[PDB]
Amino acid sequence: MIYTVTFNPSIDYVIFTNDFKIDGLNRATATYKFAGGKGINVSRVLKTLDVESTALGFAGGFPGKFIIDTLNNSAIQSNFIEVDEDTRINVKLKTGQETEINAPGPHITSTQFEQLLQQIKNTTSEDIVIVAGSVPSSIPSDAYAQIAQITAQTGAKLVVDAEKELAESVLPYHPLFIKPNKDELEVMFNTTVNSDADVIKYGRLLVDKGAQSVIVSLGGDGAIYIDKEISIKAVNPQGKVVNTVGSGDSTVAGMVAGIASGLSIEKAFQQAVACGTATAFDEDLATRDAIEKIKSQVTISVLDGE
């Protein structure tokens, strides 16, 4: 089984109005409710790629109910921890000026965070655990390192989809892969990274620090995968970027799906990049036929090793 972790899922409540007035009565003419979360996104892309996953994380109240349902309706399994405060509802106003109104997450007790850890404790060597996105304020700030520490004990494969500092924290626990960008490397190592060989070099030092594999995201210039024994360069096709939100979740999910479904590292990486690129070229998350279209146009090249 593959699990995603979404610590703070939301309802993105998108509202179209008959124009907008501050301090006045406004009527919405159309609304939409989408389940939000970076761990949920991965699950969405995995499903797009015909790969099952179970969404974990924290859900509460009627909004938590809604998200569970949405995921059932997609045939994505879930086992969120029931918490005592409502899942957050973020409001996006789209008529004329496009405005965002984000709520803080629900309060999550220590018992509840423990209930999630208890699930990670029930994973095995053949499970993949994908933790994605920010750490909410009412869970421990080292939530990623705790989950990782448990995976190290179960054998489960840890994949982190977060910014550098949380991926750095999981390093000693040998994740399956982390996914920094070229610019994060420059900061980590206090050096200029300006060649594919330099990318290989600092990605391999992160492998020395515990990472089983590293994907270094390079933007529209593709990405590099680094192993202890191989590095790969993927170049994606050019095209108009519409919306890069989700591209990271997609890359992560393409990689995992490829691994899970018996593709080579090379081809799983190729799928990954095509996923991230597909999403980028789309308004929202990529369709399957968009992913397959792009992965033929993605060129793989072995940089070093075998």
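Note that residue numbering follows the sequence shown and begins at 1.
For the stretches 162 to 170 and 84 to 92, which has the higher mean C-alpha B-factor as given in the deposited record? The stretch with the larger mean CA B-factor is 162 to 170.
Which third of the chain holds residue 190 when residues are ordered by C-alpha B factor: lowest, middle or highest? Within its chain, residue 190 is a lowest-third residue by C-alpha B-factor, going by the deposited values.
Among modelled residues of the same chain, the CA temperature factor third for residue 1: For residue 1, the deposited C-alpha B-factor lands in the highest third.
Residue 229 by Cα B-factor - lowest, middle or highest third of the modelled chain: Within its chain, residue 229 is a highest-third residue by C-alpha B-factor, going by the deposited values.
By the recorded C-alpha temperature factor, relative to the other modelled residues in its chain, which third is residue 70 in? Ranked within chain, residue 70 CA B lands in the middle tercile.
Where does the C-alpha B-factor of residue 235 rank in its chain, lowest, middle or highest third? CA B-factor rank for residue 235: highest third.
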